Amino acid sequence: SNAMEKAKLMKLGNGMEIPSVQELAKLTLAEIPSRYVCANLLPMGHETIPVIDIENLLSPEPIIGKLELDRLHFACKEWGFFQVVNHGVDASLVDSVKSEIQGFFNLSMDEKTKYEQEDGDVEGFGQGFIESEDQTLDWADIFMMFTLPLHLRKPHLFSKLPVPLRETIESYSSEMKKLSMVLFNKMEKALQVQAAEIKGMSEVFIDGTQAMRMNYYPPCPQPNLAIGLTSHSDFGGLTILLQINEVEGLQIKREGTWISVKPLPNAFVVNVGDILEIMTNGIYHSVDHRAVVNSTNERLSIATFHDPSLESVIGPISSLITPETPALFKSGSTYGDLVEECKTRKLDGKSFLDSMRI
């Protein structure tokens, strides 16, 4: 890289665009710029996340189906995270998702940023804008966009994607949505929610929103000072993650320790979000997780998020409120209002979930 590129990447004021870490990584710096150093710790945990087989889950043989339903129910209660295998998503499609996204991140910055973002429109390539000097930046580049419903797709964003990536993403969206609905429907059965009689789970997600985050984590020279994706719990319904290459990075919090997730070949990693925990009246758990970086290999992933529609009324499903499981969370806000409230929230204090507790 040339000296002007270096200055553009490193001499950053508040209000400037967060720079590309894939570009920063080419500078091969001895120490990472100060903004990537995490300022404010749990130990590492061979206990691994459960595996759920979708063929078993959908088996026409009731004993097979019931066993897998017990496994799903267990994983959602006790782990909040599970791998899915025999998931029905064609191997060729998965290969194309991997190759086209690898292809995409290997394009020039000019080619990755052809979409003209509207003021306040944060979709496409980019982590956003620098907020303050004490803001910590993730060691990661991102491409984020809404994928369902169709009218939430930014048409000019979609038109500026390479054609094979766009077509593959469109197919992947459909398969991810189908898979999410298989899982929502089975979670509803595991919870004994009679969707015909009462306001259940699946009806909230069937016409809900879907979004994708494509993530590129370059190698980092000081991987014990930086983070790929800061510790968080997912806000919405069900997340389905594909790890694109064989580089480990995803870690989940279990009993005050960090546990590595090594995705299986031909597996997706699925987790419960905060809104899903609420809807289940705390029976299913949304778990803290993070992505770490390393000094030798880039890591890639794509996460597909399945959330309520913006006007879905959120609360614990009524048949899950019982004398043995009393109502833990408030009811009655729309999903869109919860999203907006969480953006402000309270500077100091508690998690979104704890803020919603009765």
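When you see a residue number, it is the position in the sequence shown, counting from 1.
In this entry, residue 45 and residue 46 are separated by 4 to 9 residues of the deposited sequence that lack coordinates. According to the entry, the deposited sequence has 1 to 3 residues without coordinates between residue 40 and residue 41.
A summary of the deposited B-factors shows that, of 191-199 and 162-170, the stretch with the larger mean C-alpha value is 191-199. Averaged over their C-alpha atoms, the temperature factors of 49-57 and 28-36 are higher for 28-36. Of the candidates 288, 78, 175, 123, the deposited coordinates give 123 the top C-alpha B factor. For the set 229, 148, 182, 109, the PDB entry puts the maximum C-alpha B factor at 109. Annotation for residue 96: CA B-factor lies in the middle third of the chain's modelled residues. Per-chain ranking of the deposited C-alpha B factor places residue 245 in the middle third. Among the modelled residues of the chain, residue 119 sits in the highest third by CA temperature factor in this PDB entry. Per-chain ranking of the deposited C-alpha B factor places residue 282 in the lowest third. Ranked by Cα temperature factor within the chain, residue 219 sits in the middle third according to the deposited record.
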